[PDB]
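Structure file input.pdb (PDB, C-alpha atoms) follows.
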```
ATOM      1  CA  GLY A   1      -8.850   6.677   2.214
ATOM      2  CA  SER A   2      -7.471   6.628  -1.316
ATOM      3  CA  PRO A   3      -9.603   5.313  -4.211
ATOM      4  CA  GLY A   4      -7.729   3.348  -6.848
ATOM      5  CA  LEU A   5      -6.316   0.562  -4.720
ATOM      6  CA  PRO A   6      -7.607  -2.942  -5.672
ATOM      7  CA  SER A   7      -9.701  -5.048  -3.302
ATOM      8  CA  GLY A   8      -7.060  -6.222  -0.869
ATOM      9  CA  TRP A   9      -4.697  -3.284  -1.177
ATOM     10  CA  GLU A  10      -4.300  -0.818   1.690
ATOM     11  CA  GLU A  11      -2.198   2.318   2.078
ATOM     12  CA  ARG A  12      -0.165   3.187   5.144
ATOM     13  CA  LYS A  13       2.671   5.386   6.297
ATOM     14  CA  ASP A  14       5.990   4.869   8.066
ATOM     15  CA  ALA A  15       5.044   7.817  10.299
ATOM     16  CA  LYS A  16       7.693   9.916   8.565
ATOM     17  CA  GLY A  17       5.510  10.965   5.677
ATOM     18  CA  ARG A  18       6.504   7.975   3.555
ATOM     19  CA  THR A  19       3.419   6.366   2.076
ATOM     20  CA  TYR A  20       3.647   2.674   1.242
ATOM     21  CA  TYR A  21       0.998   0.300  -0.021
ATOM     22  CA  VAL A  22       0.383  -2.860   1.944
ATOM     23  CA  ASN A  23      -1.764  -5.515   0.318
ATOM     24  CA  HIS A  24      -3.350  -7.836   2.871
ATOM     25  CA  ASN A  25      -4.962 -10.212   0.378
ATOM     26  CA  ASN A  26      -1.636 -10.994  -1.303
ATOM     27  CA  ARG A  27       0.471 -10.169   1.777
ATOM     28  CA  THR A  28       2.558  -7.654  -0.167
ATOM     29  CA  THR A  29       4.389  -4.522   0.935
ATOM     30  CA  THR A  30       4.712  -2.342  -2.116
ATOM     31  CA  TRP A  31       6.244   1.128  -2.425
ATOM     32  CA  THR A  32       4.330   1.733  -5.619
ATOM     33  CA  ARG A  33       0.826   2.580  -6.817
ATOM     34  CA  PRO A  34      -0.973  -0.742  -7.461
ATOM     35  CA  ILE A  35      -2.205  -1.362 -10.999
ATOM     36  CA  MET A  36      -3.891  -4.580  -9.997
TER      37      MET A  36
END
```

Show the structure stored in the file as structure tokens.
Amino acid sequence: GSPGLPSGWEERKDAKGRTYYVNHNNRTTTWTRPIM
């Protein structure tokens, strides 16, 4: 896993290398490193 993501944020991949951040607590799909 990757440290730095807030409580609720999760990182995933689109299988094709692309790493996106999916927050389950806020139901967000973010292509960006979460700052909060």

Selection near stretch 27-30 of chain A, 10 Å with all atoms listed in the file, sequence-local residues under 5 positions removed, as a VMD selection string: chain A and resid 8 to 12 19 to 22

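Taking atom CA of residue A:3 and atom CA of residue A:25 as endpoints, the distance between them is 16.8 Å.
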
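The gap separating atom CA of residue A:17 from atom CA of residue A:35 is 22.1 Å, in Å to one decimal.
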
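Using only C-alpha atoms, the contacts of residue A:4 at a cut-off of 10 Å, with sequence neighbours closer than 6 positions omitted, comprise residues 33, 34, 35 and 36 of chain A.
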
What are the centre and the three edge lengths of an axis-aligned box that wraps all atoms of stretch 4-13 of chain A in the file, given that 8 Å is added to every side, written as AutoDock Vina command-line options and rounded to one decimal in Å?
```
--center_x -3.5 --center_y -0.4 --center_z -0.3 --size_x 28.4 --size_y 27.6 --size_z 29.1
```
